[PDB]
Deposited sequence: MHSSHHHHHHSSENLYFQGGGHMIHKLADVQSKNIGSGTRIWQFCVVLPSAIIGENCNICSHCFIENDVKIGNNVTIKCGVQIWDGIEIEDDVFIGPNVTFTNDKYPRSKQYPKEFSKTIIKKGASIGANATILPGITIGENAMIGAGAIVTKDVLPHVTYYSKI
């Protein structure tokens, strides 16, 4: 089975064996989450979301409609994803994070992005363009 913390609001039944979902998470009904994932505290996971096996999602991550996380991905704490490039209140793009990629803490991913297999995104990076497989990308400070 899977472990849902009593202080989480998990509405999806589509959750693989060995997955842990921690305190103060929200997971909406259509979310798909694979086996042996760790969804740490304070995450939000929307409906049109697929998360593979052995994925680590650290605290404070929201994964929106139209985002796919492949197997073995690491998402650092407070990583931010997006699906609307020109948002206006009361007015979409797909992101895919490919197998084994790692996204550094508090990075910001623009809409429509592909991050290639085994890529490494630096902490605090802003990713405005696709990142090739196995590439280390970080923003200049």
Subject >> Gaps in the model (deposited sequence, numbered from 1) >> reply: 1-20, 112-115
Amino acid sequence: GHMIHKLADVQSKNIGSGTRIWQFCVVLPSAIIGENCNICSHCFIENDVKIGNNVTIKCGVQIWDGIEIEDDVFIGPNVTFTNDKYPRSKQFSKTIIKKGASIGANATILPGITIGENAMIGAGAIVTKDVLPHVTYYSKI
From here on, numbers count along this sequence of modelled residues.
Subject >> Segment of higher mean CA temperature factor, 92-100 or 59-67 >> reply: 92-100
Original post:
Do the CA atoms of 75-83 or those of 28-36 have the higher mean B-factor in the entry?
Top reply: 28-36
**OP:** Would you mind ranking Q23 by its C-alpha B-factor against the rest of the chain and naming the third, lowest, middle or highest?
**Re:** lowest
Original post:
Sorting the chain's CA B-factors, does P133 end up in the lowest, middle or highest third?
Top reply: middle
**OP:** Would you mind ranking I45 by its C-alpha B-factor against the rest of the chain and naming the third, lowest, middle or highest?
**Re:** lowest
Subject >> Record-listed C-alpha B factor of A105: chain third >> reply: lowest
**OP:** Could you look up the Cα B-factor of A119 in the entry and say which third of the chain it sits in: lowest, middle or highest?
**Re:** middle
